Structure formats: C-alpha cells, structure tokens
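Enquirer: For reference, the file model-v8.cif (mmCIF, N, CA, C and O atoms and all ligand atoms) is included below:
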data_final
#
loop_
_atom_site.label_atom_id
_atom_site.label_comp_id
_atom_site.auth_asym_id
_atom_site.auth_seq_id
_atom_site.Cartn_x
_atom_site.Cartn_y
_atom_site.Cartn_z
N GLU A 397 86.94 106.05 113.86
CA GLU A 397 86.57 105.45 112.59
C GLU A 397 87.59 104.41 112.15
O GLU A 397 88.78 104.52 112.44
N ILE A 398 87.08 103.40 111.45
CA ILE A 398 87.87 102.39 110.75
C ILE A 398 87.25 102.16 109.38
O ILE A 398 86.04 101.96 109.26
N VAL A 399 88.09 102.18 108.35
CA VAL A 399 87.66 101.97 106.98
C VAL A 399 88.50 100.87 106.35
O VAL A 399 89.71 100.79 106.59
N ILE A 400 87.85 100.01 105.58
CA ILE A 400 88.53 98.91 104.91
C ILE A 400 88.05 98.87 103.47
O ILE A 400 86.93 99.30 103.15
N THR A 401 88.89 98.34 102.60
CA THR A 401 88.63 98.23 101.18
C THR A 401 88.63 96.77 100.76
O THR A 401 88.94 95.87 101.54
N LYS A 402 88.27 96.56 99.50
CA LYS A 402 88.31 95.21 98.96
C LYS A 402 89.73 94.67 98.96
O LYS A 402 89.94 93.46 99.11
N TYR A 403 90.71 95.56 98.79
CA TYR A 403 92.09 95.13 98.91
C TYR A 403 92.40 94.65 100.31
O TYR A 403 93.42 93.98 100.51
N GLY A 404 91.56 94.99 101.29
CA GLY A 404 91.71 94.51 102.64
C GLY A 404 92.43 95.46 103.59
O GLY A 404 92.45 95.19 104.79
N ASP A 405 93.02 96.53 103.08
CA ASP A 405 93.74 97.45 103.94
C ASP A 405 92.79 98.27 104.82
O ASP A 405 91.64 98.53 104.46
N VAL A 406 93.29 98.65 105.99
CA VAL A 406 92.52 99.34 107.01
C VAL A 406 93.20 100.64 107.41
O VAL A 406 94.41 100.68 107.63
N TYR A 407 92.41 101.71 107.50
CA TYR A 407 92.86 103.00 108.02
C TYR A 407 92.23 103.24 109.38
O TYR A 407 91.02 103.09 109.55
N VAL A 408 93.07 103.60 110.34
CA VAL A 408 92.64 103.91 111.69
C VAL A 408 92.50 105.42 111.78
O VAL A 408 93.50 106.15 111.86
N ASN A 409 91.26 105.90 111.77
CA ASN A 409 90.99 107.33 111.67
C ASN A 409 91.69 107.91 110.44
O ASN A 409 92.23 109.02 110.47
N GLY A 410 91.70 107.14 109.36
CA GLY A 410 92.34 107.55 108.13
C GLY A 410 93.85 107.47 108.13
O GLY A 410 94.49 108.15 107.32
N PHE A 411 94.44 106.65 109.00
CA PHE A 411 95.89 106.59 109.10
C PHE A 411 96.51 105.41 108.36
O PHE A 411 97.55 105.58 107.72
N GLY A 412 95.91 104.23 108.43
CA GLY A 412 96.53 103.09 107.79
C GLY A 412 97.50 102.41 108.72
O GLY A 412 98.69 102.28 108.42
N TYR A 413 96.99 101.99 109.87
CA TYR A 413 97.84 101.43 110.91
C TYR A 413 98.52 100.15 110.44
O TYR A 413 99.72 99.97 110.63
N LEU A 414 97.76 99.26 109.82
CA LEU A 414 98.27 97.95 109.47
C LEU A 414 97.83 97.58 108.06
O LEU A 414 96.75 97.94 107.61
N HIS A 415 98.70 96.82 107.40
CA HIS A 415 98.52 96.43 106.01
C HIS A 415 98.23 94.94 105.92
O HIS A 415 98.84 94.14 106.63
N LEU A 416 97.32 94.58 105.03
CA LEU A 416 96.91 93.19 104.85
C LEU A 416 96.84 92.87 103.37
O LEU A 416 97.01 93.75 102.51
N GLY A 417 96.59 91.60 103.06
CA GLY A 417 96.36 91.17 101.70
C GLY A 417 94.91 91.36 101.32
O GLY A 417 94.13 92.01 102.01
N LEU A 418 94.54 90.75 100.19
CA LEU A 418 93.18 90.90 99.70
C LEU A 418 92.20 90.15 100.59
O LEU A 418 92.34 88.94 100.80
N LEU A 419 91.22 90.87 101.11
CA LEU A 419 90.15 90.29 101.90
C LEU A 419 88.90 90.18 101.03
O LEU A 419 88.52 91.16 100.38
N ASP A 420 88.29 89.00 101.00
CA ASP A 420 87.10 88.85 100.18
C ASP A 420 85.83 89.27 100.90
O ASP A 420 84.94 89.88 100.30
N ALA A 421 85.71 88.93 102.18
CA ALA A 421 84.49 89.20 102.92
C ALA A 421 84.81 89.30 104.40
O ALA A 421 85.88 88.88 104.85
N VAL A 422 83.87 89.86 105.15
CA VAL A 422 84.03 90.06 106.58
C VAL A 422 82.69 89.83 107.26
O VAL A 422 81.64 90.14 106.70
N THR A 423 82.74 89.25 108.45
CA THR A 423 81.57 89.07 109.29
C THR A 423 81.78 89.86 110.57
O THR A 423 82.80 89.70 111.24
N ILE A 424 80.81 90.72 110.91
CA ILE A 424 80.92 91.60 112.06
C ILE A 424 79.70 91.43 112.96
O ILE A 424 78.60 91.11 112.51
N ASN A 425 79.94 91.65 114.25
CA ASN A 425 79.06 91.35 115.36
C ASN A 425 79.49 92.21 116.54
O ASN A 425 80.69 92.32 116.83
N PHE A 426 78.52 92.80 117.21
CA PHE A 426 78.73 93.65 118.39
C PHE A 426 77.37 93.87 119.04
O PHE A 426 76.40 93.17 118.74
N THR A 427 77.31 94.82 119.97
CA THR A 427 76.08 95.02 120.73
C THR A 427 74.93 95.53 119.88
O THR A 427 73.82 95.70 120.41
N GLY A 428 75.15 95.79 118.60
CA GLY A 428 74.10 96.33 117.77
C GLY A 428 72.92 95.38 117.72
O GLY A 428 73.00 94.30 117.14
N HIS A 429 71.82 95.79 118.34
CA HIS A 429 70.62 94.97 118.41
C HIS A 429 69.41 95.77 117.95
O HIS A 429 68.45 95.21 117.41
N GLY A 430 69.45 97.08 118.16
CA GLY A 430 68.34 97.94 117.81
C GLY A 430 68.00 98.90 118.92
O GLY A 430 67.60 100.04 118.70
N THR A 431 68.19 98.43 120.15
CA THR A 431 67.96 99.23 121.34
C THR A 431 69.17 100.08 121.69
O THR A 431 69.02 101.26 122.02
N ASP A 432 70.36 99.50 121.61
CA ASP A 432 71.57 100.26 121.87
C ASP A 432 72.04 101.02 120.66
O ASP A 432 73.19 101.45 120.63
N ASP A 433 71.16 101.23 119.68
CA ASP A 433 71.55 101.86 118.43
C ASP A 433 72.22 103.21 118.63
O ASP A 433 73.14 103.57 117.88
N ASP A 434 71.79 103.98 119.63
CA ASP A 434 72.45 105.25 119.89
C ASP A 434 73.84 105.04 120.47
O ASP A 434 74.75 105.83 120.20
N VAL A 435 74.01 103.98 121.26
CA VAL A 435 75.26 103.69 121.98
C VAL A 435 75.81 102.35 121.48
O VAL A 435 76.45 101.61 122.24
N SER A 436 75.58 102.04 120.21
CA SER A 436 75.98 100.74 119.69
C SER A 436 77.49 100.69 119.46
O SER A 436 78.21 101.67 119.68
N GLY A 437 77.98 99.53 119.01
CA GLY A 437 79.41 99.35 118.83
C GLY A 437 80.01 100.36 117.86
O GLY A 437 81.11 100.87 118.09
N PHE A 438 79.30 100.65 116.78
CA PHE A 438 79.69 101.62 115.77
C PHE A 438 78.63 102.72 115.74
O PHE A 438 77.75 102.77 116.60
N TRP A 439 78.74 103.63 114.78
CA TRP A 439 77.70 104.63 114.63
C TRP A 439 77.07 104.62 113.25
O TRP A 439 75.85 104.54 113.12
N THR A 440 77.89 104.74 112.20
CA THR A 440 77.39 104.76 110.84
C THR A 440 78.34 103.99 109.95
O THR A 440 79.57 104.05 110.12
N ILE A 441 77.77 103.27 109.00
CA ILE A 441 78.51 102.44 108.06
C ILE A 441 77.87 102.60 106.69
O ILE A 441 76.64 102.68 106.58
N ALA A 442 78.69 102.66 105.65
CA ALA A 442 78.18 102.86 104.31
C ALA A 442 79.07 102.16 103.30
O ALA A 442 80.25 101.91 103.54
N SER A 443 78.47 101.84 102.16
CA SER A 443 79.19 101.30 101.01
C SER A 443 79.66 102.49 100.18
O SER A 443 78.87 103.14 99.49
N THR A 444 80.94 102.80 100.30
CA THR A 444 81.52 103.99 99.70
C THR A 444 82.28 103.64 98.43
O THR A 444 82.76 102.52 98.26
N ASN A 445 82.38 104.61 97.53
CA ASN A 445 83.04 104.39 96.25
C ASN A 445 84.01 105.53 95.98
O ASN A 445 83.78 106.67 96.37
N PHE A 446 85.10 105.19 95.30
CA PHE A 446 86.12 106.18 94.97
C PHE A 446 85.53 107.32 94.16
O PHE A 446 84.71 107.11 93.26
N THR B 645 114.56 112.20 126.07
CA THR B 645 115.05 113.33 126.85
C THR B 645 114.34 114.58 126.35
O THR B 645 113.95 114.66 125.18
N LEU B 646 114.17 115.56 127.23
CA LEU B 646 113.31 116.69 126.92
C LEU B 646 114.07 118.01 126.98
O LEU B 646 114.87 118.24 127.89
N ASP B 647 113.82 118.86 125.98
CA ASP B 647 114.31 120.23 125.96
C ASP B 647 115.82 120.31 126.07
O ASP B 647 116.37 121.25 126.63
N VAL B 648 116.52 119.31 125.53
CA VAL B 648 117.97 119.29 125.52
C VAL B 648 118.45 118.83 124.15
O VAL B 648 117.73 118.19 123.39
N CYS B 649 119.69 119.20 123.84
CA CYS B 649 120.29 118.78 122.58
C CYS B 649 120.74 117.33 122.72
O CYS B 649 121.64 117.03 123.50
N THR B 650 120.09 116.44 121.98
CA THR B 650 120.29 115.00 122.15
C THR B 650 120.17 114.30 120.81
O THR B 650 119.71 114.87 119.82
N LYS B 651 120.56 113.03 120.80
CA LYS B 651 120.52 112.20 119.61
C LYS B 651 119.16 111.52 119.48
O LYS B 651 118.91 110.49 120.10
N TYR B 652 118.30 112.10 118.66
CA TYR B 652 116.96 111.56 118.49
C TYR B 652 116.94 110.44 117.47
O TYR B 652 117.63 110.50 116.45
N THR B 653 116.15 109.41 117.76
CA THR B 653 116.00 108.26 116.88
C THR B 653 114.51 107.95 116.89
O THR B 653 114.02 107.29 117.81
N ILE B 654 113.78 108.42 115.87
CA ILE B 654 112.32 108.43 115.91
C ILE B 654 111.77 107.84 114.62
O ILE B 654 111.91 108.46 113.55
N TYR B 655 111.14 106.67 114.70
CA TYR B 655 110.36 106.11 113.59
C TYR B 655 111.12 106.16 112.28
O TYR B 655 110.58 106.50 111.23
N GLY B 656 112.38 105.77 112.34
CA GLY B 656 113.18 105.82 111.15
C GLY B 656 113.54 107.23 110.78
O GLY B 656 113.82 107.51 109.61
N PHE B 657 113.51 108.15 111.74
CA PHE B 657 113.99 109.50 111.54
C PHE B 657 114.94 109.78 112.68
O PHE B 657 114.54 109.80 113.84
N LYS B 658 116.20 109.98 112.33
CA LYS B 658 117.27 109.96 113.30
C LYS B 658 118.03 111.27 113.20
O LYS B 658 118.03 111.93 112.16
N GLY B 659 118.67 111.67 114.29
CA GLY B 659 119.51 112.85 114.21
C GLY B 659 119.72 113.47 115.58
O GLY B 659 119.54 112.82 116.61
N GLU B 660 120.09 114.74 115.53
CA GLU B 660 120.45 115.54 116.69
C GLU B 660 119.54 116.76 116.73
O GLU B 660 119.28 117.38 115.69
N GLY B 661 119.05 117.10 117.91
CA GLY B 661 118.18 118.25 118.01
C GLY B 661 117.70 118.45 119.42
O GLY B 661 118.08 117.73 120.35
N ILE B 662 116.87 119.48 119.59
CA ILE B 662 116.27 119.80 120.87
C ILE B 662 114.76 119.74 120.71
O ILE B 662 114.20 120.40 119.83
N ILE B 663 114.13 118.99 121.56
CA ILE B 663 112.69 118.77 121.51
C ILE B 663 112.00 119.78 122.41
O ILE B 663 112.57 120.26 123.39
N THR B 664 110.77 120.14 122.04
CA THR B 664 110.00 121.11 122.80
C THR B 664 108.55 120.68 122.84
O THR B 664 108.06 120.01 121.93
N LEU B 665 107.87 121.08 123.91
CA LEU B 665 106.46 120.76 124.07
C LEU B 665 105.58 121.78 123.36
O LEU B 665 105.91 122.97 123.28
N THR B 666 104.45 121.30 122.86
CA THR B 666 103.45 122.13 122.23
C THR B 666 102.08 121.62 122.65
O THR B 666 101.93 120.45 123.02
N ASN B 667 101.07 122.49 122.59
CA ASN B 667 99.76 122.14 123.12
C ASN B 667 98.71 122.01 122.03
O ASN B 667 97.52 122.24 122.28
N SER B 668 99.12 121.67 120.81
CA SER B 668 98.17 121.60 119.71
C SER B 668 97.23 120.42 119.91
O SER B 668 97.38 119.61 120.83
N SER B 669 96.23 120.32 119.04
CA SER B 669 95.22 119.29 119.20
C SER B 669 94.67 118.88 117.85
O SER B 669 94.24 119.72 117.06
N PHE B 670 94.72 117.57 117.59
CA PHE B 670 94.19 117.01 116.35
C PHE B 670 93.77 115.58 116.66
O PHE B 670 94.58 114.78 117.13
N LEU B 671 92.51 115.24 116.36
CA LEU B 671 92.02 113.91 116.67
C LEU B 671 92.65 112.83 115.81
O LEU B 671 92.49 111.64 116.11
N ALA B 672 93.36 113.21 114.76
CA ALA B 672 94.01 112.24 113.89
C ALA B 672 95.39 112.75 113.55
O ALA B 672 95.74 113.90 113.83
N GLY B 673 96.20 111.87 112.96
CA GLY B 673 97.56 112.22 112.62
C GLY B 673 98.49 112.18 113.81
O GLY B 673 98.12 112.59 114.91
N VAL B 674 99.70 111.68 113.60
CA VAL B 674 100.64 111.48 114.69
C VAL B 674 101.97 112.20 114.45
O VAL B 674 102.65 112.55 115.42
N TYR B 675 102.32 112.46 113.20
CA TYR B 675 103.55 113.13 112.83
C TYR B 675 103.27 114.19 111.78
O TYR B 675 102.34 114.06 110.99
N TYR B 676 104.08 115.24 111.81
CA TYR B 676 103.90 116.35 110.89
C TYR B 676 105.26 116.86 110.47
O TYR B 676 106.11 117.17 111.31
N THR B 677 105.45 116.99 109.17
CA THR B 677 106.75 117.24 108.58
C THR B 677 106.83 118.62 107.94
O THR B 677 105.86 119.39 107.92
N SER B 678 108.01 118.91 107.40
CA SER B 678 108.29 120.15 106.69
C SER B 678 108.21 119.93 105.19
O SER B 678 108.09 118.81 104.70
N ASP B 679 108.28 121.04 104.46
CA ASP B 679 108.28 120.97 103.00
C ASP B 679 109.44 120.12 102.50
O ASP B 679 109.27 119.32 101.58
N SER B 680 110.61 120.27 103.11
CA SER B 680 111.78 119.51 102.71
C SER B 680 111.65 118.04 103.04
O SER B 680 112.38 117.22 102.49
N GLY B 681 110.75 117.70 103.95
CA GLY B 681 110.57 116.33 104.38
C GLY B 681 110.98 116.07 105.80
O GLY B 681 110.72 114.98 106.31
N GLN B 682 111.62 117.02 106.47
CA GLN B 682 111.97 116.80 107.87
C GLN B 682 110.76 117.07 108.76
O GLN B 682 109.89 117.88 108.44
N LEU B 683 110.73 116.37 109.88
CA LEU B 683 109.60 116.38 110.80
C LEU B 683 109.90 117.30 111.98
O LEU B 683 110.89 117.11 112.69
N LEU B 684 109.05 118.30 112.17
CA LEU B 684 109.20 119.20 113.30
C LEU B 684 108.31 118.79 114.46
O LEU B 684 108.80 118.34 115.50
N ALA B 685 107.00 118.93 114.30
CA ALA B 685 106.06 118.68 115.37
C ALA B 685 105.35 117.35 115.19
O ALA B 685 105.11 116.89 114.07
N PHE B 686 105.00 116.73 116.31
CA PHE B 686 104.34 115.44 116.31
C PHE B 686 103.67 115.27 117.66
O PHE B 686 103.97 115.98 118.62
N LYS B 687 102.82 114.25 117.74
CA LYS B 687 102.04 113.89 118.92
C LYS B 687 102.25 112.42 119.22
O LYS B 687 102.65 111.65 118.35
N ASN B 688 102.00 112.01 120.47
CA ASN B 688 102.00 110.57 120.71
C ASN B 688 100.60 110.15 121.15
O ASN B 688 99.82 110.95 121.66
N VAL B 689 100.30 108.87 120.97
CA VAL B 689 98.90 108.44 121.04
C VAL B 689 98.38 108.54 122.46
O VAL B 689 97.47 109.32 122.75
N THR B 690 98.96 107.75 123.37
CA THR B 690 98.27 107.44 124.62
C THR B 690 97.98 108.70 125.41
O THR B 690 96.98 108.76 126.14
N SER B 691 98.82 109.72 125.27
CA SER B 691 98.65 110.94 126.02
C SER B 691 98.40 112.15 125.14
O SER B 691 98.20 113.25 125.67
N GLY B 692 98.41 111.99 123.82
CA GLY B 692 98.30 113.16 122.97
C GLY B 692 99.42 114.15 123.13
O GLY B 692 99.27 115.31 122.74
N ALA B 693 100.55 113.73 123.70
CA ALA B 693 101.66 114.65 123.91
C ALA B 693 102.25 115.09 122.58
O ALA B 693 102.79 114.27 121.83
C1 LIG C 701 100.08 126.17 124.30
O1 LIG C 701 99.21 126.73 125.30
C2 LIG C 701 98.71 128.03 124.99
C3 LIG C 701 97.92 128.48 126.20
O2 LIG C 701 98.51 129.60 126.85
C4 LIG C 701 99.90 129.32 127.14
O3 LIG C 701 100.03 128.35 128.16
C5 LIG C 701 101.38 127.93 128.47
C6 LIG C 701 101.69 126.73 127.59
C7 LIG C 701 102.42 129.06 128.34
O4 LIG C 701 103.06 129.01 127.08
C8 LIG C 701 101.74 130.43 128.55
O5 LIG C 701 102.74 131.43 128.38
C9 LIG C 701 100.58 130.66 127.56
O6 LIG C 701 99.65 131.59 128.09
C10 LIG C 701 97.87 127.96 123.72
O7 LIG C 701 97.40 129.26 123.39
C11 LIG C 701 98.72 127.41 122.58
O8 LIG C 701 97.92 127.25 121.41
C12 LIG C 701 99.33 126.06 122.96
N1 LIG C 701 100.19 125.57 121.90
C13 LIG C 701 99.72 124.91 120.84
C14 LIG C 701 100.74 124.46 119.84
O9 LIG C 701 98.52 124.69 120.69
#
Spit out the file's structure as structure tokens when you get a sec.
Ligand SMILES: *[C@@H]1O[C@H](CO[C@@H]2O[C@@H](C)[C@@H](O)[C@@H](O)[C@@H]2O)[C@@H](O)[C@H](O)[C@H]1NC(C)=O

Expert:
Amino acid sequence: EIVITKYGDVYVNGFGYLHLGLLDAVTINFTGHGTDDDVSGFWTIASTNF
Amino acid sequence: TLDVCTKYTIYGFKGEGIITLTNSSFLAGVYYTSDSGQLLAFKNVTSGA
C-alpha cells in the first residue's frame, strides 16, 4: 500500500518513507484497463477522510 | 557483526551491545523500541532479517 495526503506526504505501508511539500494534484497511469483489473497495477483506491 | 559485543551504529542509534537473530514476522514496520525509548528488535527490508 501507498497513501498520500493533500499535504503531499506518502506512507509506504503506513511508514512514511519520504517527505514532500504540498502536492495539489496527481496523474496516475498503469496497466489498469479493465481486463487486468484482478492483476492490475493497484487493487483498491478510495477518497479517505480523517 | 553478529552475536558479539560490538559498537553498534544504527539509524542514529549508537552504542555497545550484542545482536541476536529472531524469526518474527510483520509485513510492515522496520524497528521496534522499548518503553524507555531504546530499540531492541528490528527487521531489515530486503531479507526481512
Ligand atoms: C524462531 O523460530 C522458532 C521455530 O522453532 C525454533 O527454531 C530455531 C530458531 C531454534 O530456536 C529451535 O530451537 C526452535 O525449535 C519460532 O517458534 C519462533 O517464533 C521464532 N522466533 C520469532 C521471534 O518468531
């Protein structure tokens, strides 16, 4: 797992490997097409709130 | 150095001690400390040692 916030910080399996400044937006791309959905780049993504 | 009394210098935690192997397992977390703040057991990434 990888999680990021509006502040831009990232946790690697909830660890916080590297620190960044404020990130406004992100564009992501991988094998996710619809067919490889079971074996896609990620598994589940959600808009989470504190 | 392993299983000997040596001068450890680890992630900004330094000192003298004897290291020992353990076979625990956790998919996350790399270091584990004591109530006082000293670190006893830990794992390394690439091998889970
Ligand atoms: C370490 O391994 C244990 C398995 O049995 C042990 O295997 C080796 C390491 C010898 O110590 C032998 O005498 C034992 O039979 C696990 O039960 C134990 O949980 C492991 N240690 C940790 C921290 O998980």

Enquirer: For chain B, which residue among A:441, A:414, A:408, A:424 is the nearest when counting only N, CA, C and O atoms?

Expert: A:408

Enquirer: Would you give me, as CSV, each residue of chain A having an atom within 8 Å of an atom of segment 657-675 of chain B, along with its shortest atom pair and that distance in Å to one decimal, using all atoms listed in the file and sorting by chain and residue number?

Expert:
residue,atom,partner,partner_atom,distance
A:408,O,B:673,N,6.4
A:409,O,B:672,CA,5.0
A:410,C,B:673,N,6.9
A:411,CA,B:673,N,6.5

Enquirer: Among chain A, which ones does DSSP assign to helix (DSSP H, G or I) (computed from the backbone)? Answer as an MDAnalysis selection string.

Expert: chainID A and resid 432:435

Enquirer: Please identify which residues in chain B DSSP calls strand (DSSP E) from the backbone, and express them as number ranges by chain.

Expert: B: 649-654, 657-662, 675-677, 683-686

Enquirer: Enter the distance from atom CA of residue 397 of chain A to atom CA of residue 440 of chain A, in Å, rounded to one decimal.

Expert: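 Interatomic distance here is 9.4 Å.
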
Enquirer: Quick one: everything within 8 Å of segment 404-407 of chain A, counting all atoms listed in the file, minus sequence neighbours fewer than 5 positions away in the same chain. Send it as a PyMOL selection string.

Expert: chain A and resi 397-399+412-420

Enquirer: Kindly provide, as AutoDock Vina command-line options, the centre and edge lengths (Å, one decimal) of an axis-aligned box around all atoms of ligand LIG 701 (chain C) given in the file, with 5 Å on each side.

Expert:
--center_x 100.2 --center_y 128.0 --center_z 124.2 --size_x 15.7 --size_y 17.1 --size_z 18.7

Enquirer: Do you have the atom CA of residue 652 of chain B-atom CA of residue 686 of chain B distance handy?

Expert: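 Computed distance, atom CA of residue 652 of chain B to atom CA of residue 686 of chain B, equals 13.4 Å.
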
Enquirer: Work out how far apart atom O5 of ligand LIG 701 (chain C) and atom CA of residue 646 of chain B are and give it in Å to one decimal.

Expert: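 Interatomic distance, atom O5 of ligand LIG 701 (chain C) to atom CA of residue 646 of chain B: 18.2 Å.
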